């Protein structure tokens, strides 16, 4: 009959609330509850059979690697149940883009996985959450959503969990992808215009089932006058890979290169990403000799997605050439 | 007559690839301001052109001293009766930081245009020749006076305030969240909008009174972040920290305590974000700015907020004033 | 104390009610139309003293040139009153860009005129009209909105009435300008980032006070294999000016320049616009010899917006050279 | 084993030339094929290239007969053992219309790339050289087969189906609401997305069975519009009319009557819109299409909806089949 969709709540704005309606700021993060939430969008009942669970109650900006492994596992066990057709995950928008890419890489299932958040507090005037949630259930419950990877359904759009990023603050169309949306959801109905071209879910070489721990990976920012300080400090603190958020085409200040070649020698992966995030990508051997130094380029991945790919890739290889290949297919 | 335009060369516009089909991989900043004016003889149809090699740097490696040196030379030129507009050729990586710096400290109404190129000169369909020709067309036009520092790339007139390097590889790399001020076509300028923020002649900042810039650093926020870069940068003498937060300059709760402490010990805390295509960080929204005595960088991305703060701190350390500054420039 | 804002409804209700906002005796006793609109969003009262008036009852895709005139004339009367500090006009989104433009050119006033609409029906889940109307009022009552021209406040933005256009179907962010937003409006507060550089309201040479009738102006679309049929039918049915929605930089098919030249001769003004509407503009003498044939280029103006500038310019002149000048200053 | 690429020239600015290097206007396009290939000598490291001049037209004046001729020539080469890929140089005004036509009726998986220039080859920083290089690099690659007709301008690989000339003047003129499929940098292709709609080898339409195309015309909608253009076009023989409505393909109530009646009389009524940067037109939203027996153009702009209808009309006159096609291609 209808599909069986499970909602995993993890906190959010969605189920947040401010002092009021005119107040689309200052709101408290992860304020309500899953059963409470489902109960407020009774239309859901027309799309599918929905069950909800509260996995964690967090603010996405304070998320942890463990919260990620915990959510990763939980979805795996649900994906295996003969009586779960699709999964919607409620999440804070700050780090939605990281979780989404995390799940796209390690969830070896065909079943639609949908992450949704909201830009305005639920009690805010014209709050976006209702409709986003309605549409997330709409997509998780359609047989055509099967096999397209992790999906994000905000603002009437179907975005790929791999490359959508929080790019516009305050506004409802905050989530954008440099490669565009895969489709649109209008009145709970799905319209597809494009398909993913990168490895994910069912065709991924990674399995959450095989991950017990995630390695420590950190990010340093490049700008005029930057020094090697933040990089050596994160390495000294445990960073197993450093994501270099360079200016331009992943460029490294001349005052830092030496730091980076030494860190490399002492076994730290060096991944060149950039703070030029609306389009294009970082090219290998263009601004730095990646072959000579044994560094890796993050391709089109922004600093935070690149972090997600590396922590996961490093769960299986410590070979620069292998990581390069991986940044090139996922 | 004809405007007297001066090109200040600082060192891709000056880069050469190994080939014609090498539209990357190149050595940037290898050619002379003189061979640059001479490669484009049509310049002479717009104005009286003279150039100077102020420095030869790779922009991803610029330092505060190179900024102060370019800012003083520009001021000296702008004061001259014999200079109508100025053009600065610069590498694109940090062109956005230099363009805003100049907009804040050059109290002059003469046009200052900063231009670069996405492809090296030796490349097929190299964008540089037109960029320069247009930078000179804009600098030479009386209409350009008084609009702040301008960036003329990809046929557009952008504000040096909020234009940013947003797209890699493409010739349309430079965008602004509030759009272009106009376009430049066949050496003619077309205007559609005017700047609303304080700049140049209306700036309370003056290069002539700046002898040094305070050290300001940027720390990035992401899932599982720690206070490690924050503490280290400060320990290394950062006088203010730009926090490149997630969402509306949000702060990881395992980091808040270190920020409170740094603040207490005198480091300015400026909340910015890595949500840069549009929107802004709102005071007291994700964090009690009033209570912790922090500042919000408004719509400015992290490298821009650092530029405004180094310069604001040359005159004040009052976080109330730094906040008014973030709201007007 | 509070500014005085008048809301002029031109169609159906753009927003729904709320909590007690709807149950309240106030709401309940409120006479349908614009009175239930104001009563539903009680937070309005905290921005200004608001009053509504239903000036017309139209579907925006069916607006006529007499409807423009009437709204235009009523705005001028209101602006003139000492008792009116600002005006909000609720309007259908289909031709909102057309009215917004017309009011910018003919209302010689510095009091804020704000046009606002809604992409989702007042009854939909996550309906945007409520917050849009709350922000229109917030903008109409800020002394900082004065002398900025007609404003449109949708999707938390402050768009210029001149070049804002409905560019995306469905989405709440439908309205875009090639030159960007002027600012944003969040939690009732205004944030400005750009100023208009073109003529409008107070510096306009046109005045509704003085316009009694508008000239007939029509639009003809160009594409592969177009013929002169529609150009010739529109002129024969009374068009005084033809807006050519051309391909590229207002290019004209060689099979059509003949009809154009002859209509020109028999007095029809020929305005070369284009169907390339996300940016750039039409250059005089580039695709056609405008000088020789005595045609006008619509500069960056889309077809419907160029129709608006011409109906007006032609209230005052029929000189091709003057029209050109006006296309370049407004 | 170099791939074999055939370059078909049809005219337009890539082959253009003005009277000066400064001018990106007023120039004579479709002025110069051997000239084309000799000028980018590096093409030879990509593939074995041969060219032929098929027509020499100005794209804004193209006829349906020009489309069948081209479409027919492409099928003949696509069939030859000797052709691995095809590049077509075309003026940019109606390039989005020929790319889409070809996407629909060329039953082949061999790469078909349509390319143009925003600047004449005489201009400074002229875009055609690299564009051309890039077209041959994409047409030569194994990876391009089976993706539909592609457009390679501005370093992007755009889908021939929804790419549209959206920006005037600029080298970035060509955009799609659903984004680029990838990019080509240094003759190499990077793919980020795949087509989801029927095209080429999976289209039910075939240029070999098309010997003629139905007349299809477009009428524009705005405030105060009348039934005049609708009626004059139908009288003159349009078999389908594309309505470019305001909003969600909205119809003025003063026009509904001419439409219902034209429908009665046998013309197809396809509701498109002039809201072209995104979204689509919904069936039964603004008009009772079910009752009126009309069709909705989905996300297709006026000019694309016309290509699809004239083509669907070679197979069916059934409104419901037509609707289906509008939903799959």
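Do you know which of the residues in segment B:264-304 that are within 10 Å of chain A (Cβ to nearest Cβ) and not in a loop (DSSP other than H, G, I, E, B) is surrounded by the fewest Cβ atoms within 10 Å (Cβ to Cβ)?
Among those that are within 10 Å of chain A (Cβ to nearest Cβ) and not in a loop (DSSP other than H, G, I, E, B), it is B:278.
Every residue in segment D:35-50 that is under 19 Å from residue D:15 (Cβ atoms) and surrounded by fewer than 17 Cβ atoms within 10 Å (Cβ to Cβ), please.
D:35, D:38, D:39, D:41, D:42, D:50
Condition first: in contact with a helix residue (DSSP H, G or I) (Cβ under 9 Å, 6 or more places away or on another chain), facing another protein chain (nearest Cβ under 7 Å), buried (at least 18 other Cβ atoms within 10 Å of the Cβ) and assigned to a loop (DSSP other than H, G, I, E, B). Now tell me which residues in segment C:228-251 satisfy that.
Within segment C:228-251, C:248 is the sole residue that qualifies.
Would segment C:170-180 turn up any residue that is surrounded by fewer than 19 Cβ atoms within 10 Å (Cβ to Cβ) and either within 14 Å of chain D (Cβ to nearest Cβ) or over 16 Å from residue C:309 (Cβ atoms) (or both)?
no
Let me spell it out: the conditions are (1) on the phi < 0 side of the Ramachandran plot; (2) more than 19 Å from the chain's Cα centre (by Cα), and residue D:293 meets all of them except one. Which number is the exception?
So the condition that residue D:293 fails would be (1).
Let me spell it out: the conditions are (1) surrounded by fewer than 24 Cβ atoms within 10 Å (Cβ to Cβ); (2) touching a strand residue (DSSP E or B) at 6+ places or on another chain (Cβ under 9 Å), and residue B:107 meets all of them except one. Which number is the exception?
With respect to (1) surrounded by fewer than 24 Cβ atoms within 10 Å (Cβ to Cβ); (2) touching a strand residue (DSSP E or B) at 6+ places or on another chain (Cβ under 9 Å), residue B:107 is out only on (2).
In segment C:71-79, is there at least one residue being in the same structural domain as residue C:172 (by CATH), crowded, with 24+ Cβ neighbours inside 10 Å and within 21 Å of residue C:330 (Cβ to Cβ)?
yes
Which ones in segment C:191-211 are outside any helix (DSSP H, G or I) and either more than 20 Å from residue C:99 (Cα to Cα) or out of contact with any helix residue (DSSP H, G or I) (no Cβ under 8 Å at 6 or more places or on another chain) (or both)?
If the condition is that a residue be outside any helix (DSSP H, G or I) and either more than 20 Å from residue C:99 (Cα to Cα) or out of contact with any helix residue (DSSP H, G or I) (no Cβ under 8 Å at 6 or more places or on another chain) (or both), then C:191, C:192, C:193, C:194, C:195, C:196, C:197 are the ones that fit.
Which of the residues spanning segment D:97-115 are over 16 Å from residue D:304 (Cα atoms) and away from chain B (no Cβ under 13 Å)?
Hits for segment D:97-115 are D:106, D:107, D:108, D:109, D:110, D:111, D:112, D:113.
Looking at residue B:206 and the list (1) within 21 Å of the chain's Cα centre (by Cα); (2) over 27 Å from residue A:273 (Cα atoms); (3) buried (at least 23 other Cβ atoms within 10 Å of the Cβ), which single condition is not satisfied?
Checking residue B:206 against (1) within 21 Å of the chain's Cα centre (by Cα); (2) over 27 Å from residue A:273 (Cα atoms); (3) buried (at least 23 other Cβ atoms within 10 Å of the Cβ), the one that fails is (3).
For segment A:279-297, check the following and say yes or no: at least one residue is under 19 Å from residue B:219 (Cβ atoms) and not assigned by CATH to the domain that holds residue A:97.
No, every residue in segment A:279-297 fails to be under 19 Å from residue B:219 (Cβ atoms) and not assigned by CATH to the domain that holds residue A:97.
Given the structure, is residue A:323 more than 9 Å from every other protein chain (Cβ to nearest Cβ), within 22 Å of the chain's Cα centre (by Cα), more than 16 Å from residue B:25 (Cα to Cα) and part of a helix (DSSP H, G or I)?
Judged against the criteria, residue A:323 is a match.
Given the criterion more than 17 Å from residue B:97 (Cβ to Cβ), within 14 Å of chain A (Cβ to nearest Cβ) and touching a strand residue (DSSP E or B) at 6+ places or on another chain (Cβ under 8 Å), identify the matching residue among B:15, B:51.
B:15 is the lone residue from the list that is more than 17 Å from residue B:97 (Cβ to Cβ), within 14 Å of chain A (Cβ to nearest Cβ) and touching a strand residue (DSSP E or B) at 6+ places or on another chain (Cβ under 8 Å).
Pick from A:44, A:8, A:68: which is in contact with a strand residue (DSSP E or B) (Cβ under 6 Å, 6 or more places away or on another chain) and assigned to a helix (DSSP H, G or I)?
A:44
Out of the residues in segment B:252-263 that are touching a helix residue (DSSP H, G or I) at 6+ places or on another chain (Cβ under 7 Å) and within 12 Å of chain A (Cβ to nearest Cβ), state the one that is nearest to residue C:182 (Cα to Cα).
Among residues in segment B:252-263 that are touching a helix residue (DSSP H, G or I) at 6+ places or on another chain (Cβ under 7 Å) and within 12 Å of chain A (Cβ to nearest Cβ), the one nearest to residue C:182 (Cα to Cα) is B:252.
Which condition number does residue B:220 fail, the rest of (1) in contact with a strand residue (DSSP E or B) (Cβ under 9 Å, 6 or more places away or on another chain); (2) more than 7 Å from chain A (Cβ to nearest Cβ) being met?
Among (1) in contact with a strand residue (DSSP E or B) (Cβ under 9 Å, 6 or more places away or on another chain); (2) more than 7 Å from chain A (Cβ to nearest Cβ), the lone unmet condition for residue B:220 is (2).
Among B:149, B:136, which is under 26 Å from residue B:274 (Cβ atoms), buried (at least 24 other Cβ atoms within 10 Å of the Cβ) and away from chain C (no Cβ under 14 Å)?
Only one candidate passes the filter, namely B:149.
Virtual Cβ from ideal backbone geometry, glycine too; neighbours counted across all protein chains shown. All of this is worked out from the model, or read from it or from the source named; none is laboratory data.
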